[PDB]
Each structure stands twice: as C-alpha cells, then as structure tokens.
Amino acid sequence: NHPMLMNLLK
Amino acid sequence: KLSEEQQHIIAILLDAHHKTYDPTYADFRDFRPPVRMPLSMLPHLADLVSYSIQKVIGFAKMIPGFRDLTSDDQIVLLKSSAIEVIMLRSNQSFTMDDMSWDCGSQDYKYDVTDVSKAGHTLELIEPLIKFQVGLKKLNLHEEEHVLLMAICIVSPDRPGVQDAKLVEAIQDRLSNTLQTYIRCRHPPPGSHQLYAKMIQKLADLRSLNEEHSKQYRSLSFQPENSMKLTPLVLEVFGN
Ligand SMILES: CCC[Si](CCC)(c1ccc(OC[C@@H](O)CCC(=O)O)c(C)c1)c1ccc(OCC(O)(CC)CC)c(C)c1
C-alpha cells in the first residue's frame, strides 16, 4: 500500500 | 528534575535534527527550477516538499520509542503528521524581516506569492503565515524545537492508529521531557506558559493540516496537476 514510506522506514 | 534519561532523549533529538536538516540548502539545486511568471511553482515546490518528507522520515526513525511501534502505526503517524512537521521545521528558515522562507539564495527565497503559484489560496496561506510568526515569536531553544517535532509525530489521536495506548506512552515520555526542560533550562520571562503555548501550536497544526489536505485533494484531482507531483508526495498526501 505504502511501499516507498515502508522502505524509508526500514 | 531533568533525569538522565531525559537528557539522553534531548541529545538524541538534537543529533537527529542535525543529521536531517541541512542549513546550507545545497540539495535545492537538484529540484526542478522555480519559475515565477499556470501554477508555475508547482514542480519546484513539489520537489521541495518531497525532499522534506524524506527528511521528516529520517528524523522520525530516530525518535526514542518510535520503532517500538508496528509498521502500520509508523505509517499512519507519518502520513498524518508529515505536513505538520514540514510547517514546523520550515520555521528555521522563516524570516520576520519580510515574511519569507529564506533558504540561502534569491531563487530559494519563498514568499506568499510562491505558495499561490503552487495552487493554494489564502484559506491556507493566511493561517500559515500567522503560524510561522507565532512560532518564531516563541524563540524556542533548539531543544524545544526538536521536542515539539517529535511530539507532533507521535500523537495517539491520529485516525487509523491501532495501538493508541503505546503511542500515548511514547508521547508522554516526550511531553514530560519537554515540560521538565522548560522548568529547568528556560529562564523567565521566556518560559511563561511556554508548554501551553507549544501545545496550542500543535492544535493550530491540526487546522492547517485539514485545510492543506482540502486544497491538496482539489488540486490533485485534476490529472494535469497530479502529473507534476512526485511519487512520494502521492503516496503520503494521497492520490
Ligand atoms: C515554499 C513555500 C513555503 Si512552504 C511552507 C511550509 C509548509 C516550505 C518552505 C521551506 C521548506 O523547506 C525548507 C527546509 O525545511 C528543508 C531543509 C532540510 O530538511 O534539509 C519546505 C519543505 C516547505 C510550502 C511548500 C509547498 C506547499 O504545498 C505543496 C503542495 O500542497 C502543492 C500541491 C503539494 C506539493 C505548501 C503548502 C507550503
């Protein structure tokens, strides 16, 4: 759903 | 009064801000150029906002306790707070000499007409300027500036929060740190009702959040406008 936010939060 | 853990929290937030805020503004050369002439400022301001969302995420990841939350809650908190944290952090470059955001050069000195050339109206711009002025008048210590940004991010009443009880516990550690910091390190008269004034600014941000989302939803509904946004902006602010 929010893959770019997810990746930056990793 | 200011415990060793509270001094630790402030040290981390200061370092997190210094690692995510570049006061030289060198990266602004990578944005699409500003055009002051149509929404001629939308491409530049879309890149500027997108750049700052990335900086806000980097700061949020370093907030003590933030990574104890689930991935879903981290996403909800950043989606709902991103525009508010951008408003707060942009105060560092705001000048009351001429009510502008001075970011080092003439191309990167932004005023109310630049916001309007991105599609926004006075419904947002007038309360935005009043907010920037009122926040600047607080003359926050850098310690209070970074504490306020962290408290904004970790708010338990954001829509879609699952473990609101855990979000509140994390914010409480930050709120007590701020309240104790003002009562030990901010000398009077500057400290008078300072915590209540900072909490009022968080309430002001909720209203600014609502108006921006309103105007963003109307602007982004036209595909010609959405085409000029960035993928990250569409993910965070909405498609
Ligand atoms: C420029 C005009 C004043 Si603005 C006020 C603050 C919100 C601003 C000023 C400086 C600034 O960055 C400076 C350092 O903070 C970064 C340094 C670092 O982090 O290294 C940022 C990020 C924003 C602004 C810009 C765009 C806006 O709308 C966009 C859309 O809604 C248009 C559809 C969505 C794209 C709005 C409503 C306001």
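A note on names: the letters A, B, ... follow the listed sequences, proteins ahead of strands, and every chain is numbered from 1. Only this structure's heavy atoms are used, side chains among them; waters, hydrogens and symmetry mates stay out. Read the numbers this way: they start at 1 and go in the same order the structure lists the ligands and their atoms.
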**Request:** Give the atoms of ligand 1, by number and element, whose distance to some non-hydrogen atom of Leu42(B) is under 4.0 Å.
**Result:** 32 (C), 33 (C)
**Prompt:** Is a side-chain N or O of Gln222(B) found less than 3.5 angstrom from the main chain of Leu219(B), in a donor-acceptor match?
**Reply:** no
Do [X] and [Y] meet the criterion of a side-chain donor-acceptor pair at a distance under 3.5 Å?
| X | Y | value |
| --- | --- | --- |
| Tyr216(B) | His120(B) | no |
| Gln92(B) | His17(B) | yes |
| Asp98(B) | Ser100(B) | yes |

**Asked** Can you check whether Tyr21(B) has an N/O within less than 3.5 Å of an N/O in ligand 1?
**Response** no
**Prompt:** Any N or O on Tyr216(B) sitting closer than 3.5 Å to an N or O of ligand 1?
**Reply:** no
Does some non-hydrogen atom of the protein lie less than 4.0 angstrom from [atom]?
| atom | answer |
| --- | --- |
| atom 20 (O) of ligand 1 | yes |
| atom 7 (C) of ligand 1 | yes |
| atom 24 (C) of ligand 1 | no |

**Request:** Would you list the pairs meeting salt bridge (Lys or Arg N to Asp or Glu O under 4.0 Å) in which at least one residue belongs to residues 71-85 of chain B, sequence neighbours left out?
**Result:**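 Output for this query lists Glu84(B)-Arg158(B).
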**Request:** With heavy atoms only and a cut-off of under 4.0 Å, state how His212(B) meets ligand 1: side chain, backbone, both or neither.
**Result:**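 Side chain only; the backbone of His212(B) stays clear of ligand 1.
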**Request:** May I ask whether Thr20(B) has any heavy atom positioned less than 4.0 angstrom from an atom of ligand 1?
**Result:**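 The answer is yes, since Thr20(B) has a heavy atom less than 4.0 Å from ligand 1.
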**Prompt:** Which is closest to atom 16 (C) of ligand 1 in terms of heavy atoms, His120(B), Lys55(B), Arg89(B)?
**Reply:** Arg89(B)
**Item:** Ring centroid separation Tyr108(B) to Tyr25(B) under 6.0 Å
**Value:** no
